[PDB]
Structure formats: C-alpha cells, structure tokens
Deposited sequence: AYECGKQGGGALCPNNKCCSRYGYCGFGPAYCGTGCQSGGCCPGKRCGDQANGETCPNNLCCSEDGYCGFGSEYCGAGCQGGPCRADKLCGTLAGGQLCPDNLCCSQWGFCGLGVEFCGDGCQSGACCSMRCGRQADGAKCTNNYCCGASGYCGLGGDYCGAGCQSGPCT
C-alpha cells in the first residue's frame, strides 16, 4: 500500500519525510533525491517564479532562487511563498488554503480563520439556502446545511453549490 504522492492520492508524509518517486515515505537519497515528490527533498523541489507559480509541499518556504526549504535562506529575504518571515497580504486569495483575515493578512488559527475570515479555510462560513444564496469562496462546496467546506460532508450528498459530487 502506497503512502504518499501521486500513488497515494497526494498524501504527504509526516515530520518532513520525503516521498520517494515510488510513493513511499523516508529519508536519504532514495526518498529525498531524484524523483522526490514532497517533504524535505534534496535539493528542494522547484517553486515560485521559477516553476510556474507552484507552491512548496508541506508548507516549506520557497527561496528567492525557487527551491523549497527552511531557514533564513528560504523563508527570509526574497522568500516567494510558504511561511515567509514577511507578513503576507491578501484580499488575491492566500496560497494553499490559508485564511485571509478580516485585516487582510494570510494565516491559520482563529485570528485568521475565525470571526471576520474573508477566504481560505475559514472556520464557519454560511452559504446556500441558509444564507440567502451566498456562494462559497475558493471554489469550496456548500454543504446541505449551509456551511462552506470540502470533502464528502460538503461536496457529497446535499451539496448546494461549488464543485459538488
């Protein structure tokens, strides 16, 4: 049974484990080297302006030079994406389903996803019949009971709008 990557339904490995070209999790050249799909690849996966705007998997930072990693060389000056040290503006959805707060910054946690959340993975956004026909942002599904989200509970039976079924 595959664990990760294109063989494993796009799953990631935990704790920065590399997903090999064959869809298994580990560390060392066999996993992190040629063909590495995600995790702490070496070299890092290509990203940003150097790779058609692709983001890094596992919330790695995209360096100025368009490689995925962590540390100041990746997250600091010139960082193109992921958890860059610079605040990330939005209003222009946040990458990778991050919440755009009421104040126009990207993040996760209640301060971003809770009250006033504009877009991304908001805690509770109403939609459909139950909200005057409001549509979900981010091409999320409206669930049968009028909350925005993804996965079967929202896109499955009952789904009111967005990429249902």
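Colleague: In sequence order, which deposited residues have no C-alpha?
Modeller: Hole in the chain trace, numbered from 1: 92-96.
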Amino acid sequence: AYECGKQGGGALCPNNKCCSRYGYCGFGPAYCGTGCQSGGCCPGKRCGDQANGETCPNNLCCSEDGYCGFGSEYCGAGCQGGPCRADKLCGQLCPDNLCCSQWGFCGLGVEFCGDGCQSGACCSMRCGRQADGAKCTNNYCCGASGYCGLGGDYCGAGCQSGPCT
From here on, numbers count along this sequence of modelled residues.
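Colleague: As stated in the PDB record, which stretch has the larger average Cα B-factor, 66-74 or 48-56?
Modeller: Here the higher of the two C-alpha B-factor means belongs to 48-56.
Colleague: For the stretches 146-154 and 6-14, which has the higher mean C-alpha B-factor as given in the deposited record?
Modeller: On average, C-alpha B-factors are higher across 146-154.
Colleague: Report the option among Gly114, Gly133, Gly33, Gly40 whose CA atom has the maximum B-factor in the deposited record.
Modeller: Highest C-alpha B-factor among the listed options: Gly133.
Colleague: Please place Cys61 in the lowest, middle or highest third of its chain by C-alpha B factor as given in the entry.
Modeller: For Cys61, whose C-alpha B-factor we compare with every modelled residue in the chain, the answer is the lowest third.
Colleague: Sorting by Cα B-factor within the chain, modelled residues only, which third would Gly120 end up in: lowest, middle or highest?
Modeller: For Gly120, the deposited C-alpha B-factor lands in the middle third.
Colleague: Can you work out whether the C-alpha temperature factor of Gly104 puts it in the lowest, middle or highest third of the chain?
Modeller: Middle third by C-alpha B-factor.
Colleague: Compared with the other modelled residues in the chain, in which third is the CA B-factor of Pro83?
Modeller: For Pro83, the deposited C-alpha B-factor lands in the lowest third.
Colleague: Per the entry's values, where does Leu98 land by CA temperature factor relative to the rest of its chain, in the lowest, middle or highest third?
Modeller: Ranked within chain, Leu98 CA B lands in the lowest tercile.
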